[PDB]
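First comes the structure, then the notes that go with it.
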2 protein chains.
Amino acid sequence: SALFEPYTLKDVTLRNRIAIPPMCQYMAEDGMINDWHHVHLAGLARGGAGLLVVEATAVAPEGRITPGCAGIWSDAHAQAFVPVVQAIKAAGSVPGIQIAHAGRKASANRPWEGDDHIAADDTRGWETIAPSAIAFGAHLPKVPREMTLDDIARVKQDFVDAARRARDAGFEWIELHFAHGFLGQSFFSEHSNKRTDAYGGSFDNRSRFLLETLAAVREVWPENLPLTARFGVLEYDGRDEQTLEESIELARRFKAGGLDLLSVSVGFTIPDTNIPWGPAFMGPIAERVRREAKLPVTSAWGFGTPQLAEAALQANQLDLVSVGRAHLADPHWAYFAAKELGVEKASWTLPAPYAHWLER
Amino acid sequence: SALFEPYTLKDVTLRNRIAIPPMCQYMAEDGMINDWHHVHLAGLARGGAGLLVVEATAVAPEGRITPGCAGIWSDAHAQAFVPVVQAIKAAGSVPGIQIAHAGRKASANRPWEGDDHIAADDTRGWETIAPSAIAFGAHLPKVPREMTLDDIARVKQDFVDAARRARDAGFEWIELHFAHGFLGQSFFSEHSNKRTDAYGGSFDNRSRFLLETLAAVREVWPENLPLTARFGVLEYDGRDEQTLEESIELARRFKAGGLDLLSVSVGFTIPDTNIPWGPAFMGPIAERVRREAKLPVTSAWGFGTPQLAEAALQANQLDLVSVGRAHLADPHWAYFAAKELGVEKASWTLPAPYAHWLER
Ligand SMILES: Cc1cc2nc3c(=O)[nH]c(=O)nc-3n(C[C@H](O)[C@H](O)[C@H](O)COP(=O)(O)O)c2cc1C
Ligand SMILES: Cc1cc2nc3c(=O)[nH]c(=O)nc-3n(C[C@H](O)[C@H](O)[C@H](O)COP(=O)(O)O)c2cc1C
Ligand SMILES: O=c1ccc2cccc(O)c2o1
Ligand SMILES: O=c1ccc2cccc(O)c2o1
């Protein structure tokens with residue numbers, strides 16, 4: 001099975017091609033993770049996936065999506081990850097982390113607590129920052145503050161510090177969250193970036209925050225560990241061919257700047273779009289990026305059907321298959337997939353105290 | 001759905017009728033549990049089951065099955081359970097524990113490391129104790145030492161101390177392991193008990209260790225928390241009707257002595273038997289015990305098919321359905337069962353960070 005072939009990137013070898021993508025839990029307190037996360041992550045690692053990427057972890061308090069988001073904006077926040085990293089490694093999975101800044105989509109309620117911007121007089125909320133003072137709209141009506149050049153320098157340094165902390169906590173894989181309408185994506189998109197300084201206008205200027213942040217992170221992140229990013233390569237906003245062309249060009253610059261793998265997604269920059277949701281719908285776009293930028297990729301959305309994961313890999317659409325919600329439903333999805341695909345000794349996807357009893 | 005109706009016993013209310021029965025993990029060191037158990041148990045509790053019974057936990061070192069078994073023979077061993085109990089409670093499941101003594105089946109290898117008695121010159125092994133100096137046979141050839149009356153008093157006191165420790169660690173449900181050919185079962189069975197003192201011969205004498213141990217435990221175990229036992233009610237050894245009749249009589253004495261629920265199993269006392277394994281094969285025998293002893297029961301073996309669990313409950317064969325291996329395969333089996341049975345808002349079997357995203 002292609003799904004169960006190992007994958008090596010830099011000095012890291014994943015035992016199979018199943019990646020658990022970042023999935024926010026909304027269970028942290030002032031950014032500090034706790035036994036929610038410890039058990040959640042260790043349990044997933046034991047389920048058999050080759051790579052487990054920790055949820056969007058804010059580089060700065062105001063870059064959380066919600067009051068429940070994880071953070072890594074101090075050394076104490078970083079040290080809270082150490083036992084979880086060690087548990088993921090003990091289970092034979094590779095520990096990764098997505099470092100993030102929510103930009104104009106920050107200061108929102110948890111998804112089951114309204115999913116919308118926090119009211120102005122709620123003591124939990126905060127001012128958001130972005131390239132330009134323009135609201136997302138819809139359920140995120142708050143107008144962000146336009147960043148100064150010093151704010152740009154500060155946020156870049158927060159990404160650097162976050163990466164240094166992730167490294168020292170023992171993570172073996174990092175993902176910069178440049179997707180999903182958050183700060184990085186919003187610098188790239190003309191919808192959200194109306195700046196007239198070095199950080200907006202042209203393609204080079206809109207790319208600049210992302211490329212400078214990648215380069216700054218690269219100074220502290222070990223060359224022998226995968227350096228990755230998530231990036232929305234189109235919006236489904238009626239501008240798809242031009243946007244894809246620019247996104248592919250940016251992917252080439254990321255590769256030239258040391259990016260080892262790209263997690264290909266949708267922008268979610270603005271609400272007025274028509275995204276054609278369906279099982280593995282991103283496969284063809286991920287394949288195009290992979291081919292035209294000559295860079296390994298992953299993608300997500302509906303790959304929890306094992307045969308579809310297998311087909312994407314065999315078609316060379318993807319190098320890793322990211323499987324999210326199916327792992328919330330069943331932490332042992334990798335074992336289910338092994339059985340479904342007829343892998344020999346499928347139960348030994350799991351550790352011995354499970355595998356022995358589930359043989360045949 | 002019957003499976004998702006709450007159950008109250010003494011002061012304890014289970015949110016549904018799904019019990020996770022004790023399942024040895026073989027991951028402890030000198031009886032001390034560790035992060036294997038913490039994550040395993042907390043993850044199961046979050047999966048939705050109403051009751052989670054911790055694996056056979058030895059009341060004394062020599063009563064472990066294997067070198068990897070959990071123990072509760074000192075206060076330090078008990079305190080290791082406290083964070084796990086607290087995590088099970090935080091998830092809304094009821095924490096239980098099975099306290100045990102393996103008798104002649106002790107000093108064995110882990111199941112994936114030979115499953116047989118440990119060699120005499122292996123530094124990990126130890127002398128086993130039992131009612132009579134008679135080996136199980138087959139892969140467990142070691143002849144145990146015949147217990148003295150002082151040994152009987154000591155082991156009873158070890159059960160008492162174990163129960164007191166379980167209580168003080170915060171367990172809300174206790175199960176005495178009088179099944180599966182271990183010490184208690186072996187005192188009851190004429191196959192293994194050839195004693196000619198007060199603890200063997202007659203029905204009353206063979207029952208005596210079990211009844212005295214129950215009574216001694218009852219002195220320290222709170223009356224407001226369920227006091228339960230697992231007991232093998234037949235062997236499939238050609239003596240089934242007579243053995244069932246005696247086992248039912250013992251169940252009546254257990255009830256009269258304060259037992260709140262019986263986990264009905266098979267004896268496994270000797271190897272030369274013909275057990276008719278099949279899905280829910282114990283249902284009719286559990287029903288007979290329930291009816292003839294007028295005592296709540298659970299049973300196990302093949303109830304991981306949700307419709308079969310539901311049928312057993314609706315037939316009043318069982319009060320709780322114990323689902324073991326299906327929970328090793330999928331820690332979130334209760335959610336799977338809720339979906340399969342068409343329960344409203346099935347994803348809310350799980351906590352919010354999962355349930356929200358799995359709705360519909
Ligand atoms: C609970 C939940 C939280 C998510 N949090 C993040 C996140 O932290 N960062 C991110 O890039 N994507 C996030 N996503 C998107 C997932 O990584 C994934 O791309 C998406 O769920 C589609 O894959 P699936 O169909 O296998 O679930 C999240 C999705 C879910 C369901
Ligand atoms: C891994 C494993 C360990 C077990 N350990 C115990 C135990 O500690 N005590 C016990 O009474 N039964 C033990 N059993 C038996 C289970 O509680 C249960 O009765 C049995 O697995 C049948 O249910 P199932 O078909 O749902 O797995 C164990 C079974 C398994 C699979
Ligand atoms: O696509 C998604 C869905 C949910 C989500 C949640 C947090 C962060 C993200 O980046 C997300 O992306
Ligand atoms: O039926 C079983 C199967 C496995 C097992 C393991 C340990 C203890 C027990 O009591 C057991 O019972």
Side-chain angles (χ1 to χ4, degrees), chain A residues 353-354 356-358, chain B residues 2-3 7 9 14 16-25 40-41 44-45 47-57 65 93-94 96-100 111 173-182 184-185 226 228-236 244 247 251 254 259-269 273 275-290 293 295-331 333-334 336-337:
Chain A
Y354 302 160
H356 173 77
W357 304 99
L358 297 171
Chain B
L3 190 59
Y7 182 63
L9 193 58
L14 312 179
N16 58 49
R17 306 307 183 96
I18 303 165
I20 303 170
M23 288 184 286
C24 281
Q25 298 295 289
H40 166 73
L41 294 165
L44 286 168
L51 173 66
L52 171 54
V53 185
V54 168
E55 63 197 276
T57 295
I65 308 163
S93 193
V94 171
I97 186 165
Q98 186 189 60
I99 60 167
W173 183 289
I174 196 167
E175 186 179 292
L176 307 183
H177 196 352
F178 293 163
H180 302 168
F182 297 130
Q185 185 83 59
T228 80
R230 198 166 209 179
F231 181 54
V233 299
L234 78 174
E235 301 283 344
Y236 295 102
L244 280 166
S247 296
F254 286 160
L259 204 80
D260 297 307
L261 178 147
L262 187 68
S263 180
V264 174
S265 195
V266 176
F268 301 105
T269 299
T273 62
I275 297 162
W277 305 106
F281 82 102
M282 293 295 299
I285 283 165
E287 191 279 330
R288 178 176 170 187
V289 175
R290 186 181 189 269
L295 180 65
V297 302
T298 190
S299 197
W301 186 281
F303 292 103
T305 300
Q307 295 86 348
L308 180 51
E310 181 72 7
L313 290 165
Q314 291 188 5
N316 293 317
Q317 296 171 343
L318 303 189
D319 297 273
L320 298 173
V321 183
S322 293
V323 178
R325 284 168 292 176
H327 274 109
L328 306 182
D330 178 2
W333 183 90
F336 168 71

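Naming convention: chains lettered A, B, ... in sequence-line order (proteins, then strands); numbering from 1 in each chain. The figures that follow rest on heavy atoms only: side chains count, while hydrogens, waters and symmetry mates do not.
Considering CD of B:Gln307 and CD of B:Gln314, their distance stands at 11.0 Å, rounded to 0.5 Å. Rounding to the nearest 0.5 Å places CG of B:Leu320 at 5.5 Å from OH of B:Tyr7. Distance check: B:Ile174 CD1 to B:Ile97 CD1 gives 7.0 Å after rounding to the nearest 0.5 Å. The structure places CG of B:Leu41 at 8.5 Å from CD1 of B:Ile20, a figure rounded to the nearest 0.5 Å. Distance check, rounded to the nearest 0.5 Å: CD1 of B:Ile18 to NE2 of B:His327 gives 6.0 Å. The CZ atom of B:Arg290 sits 11.0 Å away from atom OG1 of B:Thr298, with the distance rounded to the nearest 0.5 Å.
The shortest distance between side-chain heavy atoms of B:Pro21 and B:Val53 does not fall below 4.5 Å. Between B:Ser265 and B:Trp301, the closest side-chain pair of non-hydrogen atoms is not below 4.5 Å. Counting heavy atoms from C-beta on, the side chains of B:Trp173 and B:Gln98 never come closer than 4.5 Å. Residues B:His177 and B:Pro22 are not in side-chain contact: their nearest non-hydrogen atoms beyond the backbone lie 4.5 Å or more apart. Between B:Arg325 and A:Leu358, the closest side-chain pair of non-hydrogen atoms falls below 4.5 Å. Between B:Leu295 and B:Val289 there is no side-chain heavy-atom pair separated by less than 4.5 Å. Counting heavy atoms from C-beta on, the side chains of B:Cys24 and B:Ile65 come closer than 4.5 Å. The closest side-chain heavy-atom distance from B:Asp319 to B:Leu9 is not below 4.5 Å.
In this structure, B:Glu175 and B:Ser263 approach most closely via the heavy-atom pair OE1-CB, 3.9 Å. Closest heavy-atom contact between B:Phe281 and B:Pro284: O-CD, 3.5 Å. Contact record, B:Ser93 with B:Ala45: CB-CB, 3.8 Å, taken as the closest heavy-atom pair. In plain terms, the two heavy atoms of B:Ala2 and B:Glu310 that are nearest each other are N-OE2, 2.8 Å. Between B:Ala326 and B:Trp333, the shortest heavy-atom contact is CB-CD1, 3.6 Å.
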side-chain hydrogen bond (donor to acceptor under 3.5 Å, both in side chains) assessment of B:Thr269 paired with B:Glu235: CA-CA 7 Å; B:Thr269 299; B:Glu235 301 283 344; 2.7 Å; yes
Working for side-chain contact (heavy atoms from CB on, under 4.5 Å), residues B:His40 and B:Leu328: CA-CA 9 Å; B:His40 166 73; B:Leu328 306 182; 4.1 Å; yes
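Between B:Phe268 and B:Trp277, the angle of the ring planes stays under 30°, which puts this pair in the parallel group of the 30/60° scheme.
At distances below 3.5 Å, not a single donor-acceptor pair connects side-chain atoms of B:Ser299 with backbone N or O atoms of B:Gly283. Here the side chain of B:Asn16 pairs no donor or acceptor atom with the backbone of B:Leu3 at under 3.5 angstrom. Of the possible polar contacts, none joining the B:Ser322 side chain to the B:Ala300 backbone as a donor-acceptor pair under 3.5 Å is found.
Legend: residues meeting side chain to side chain contact (heavy atoms under 4.5 Å, CB included) with B:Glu287, ordered by chain and number and at least two apart, are B:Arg291, B:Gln317. B:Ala311 pairs by the side chain to side chain contact (heavy atoms under 4.5 Å, CB included) definition with nothing, not counting sequence neighbours. Partners of B:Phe178 by ring-ring contact (aromatic ring centres under 6.0 Å, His included), not counting sequence neighbours: none found.
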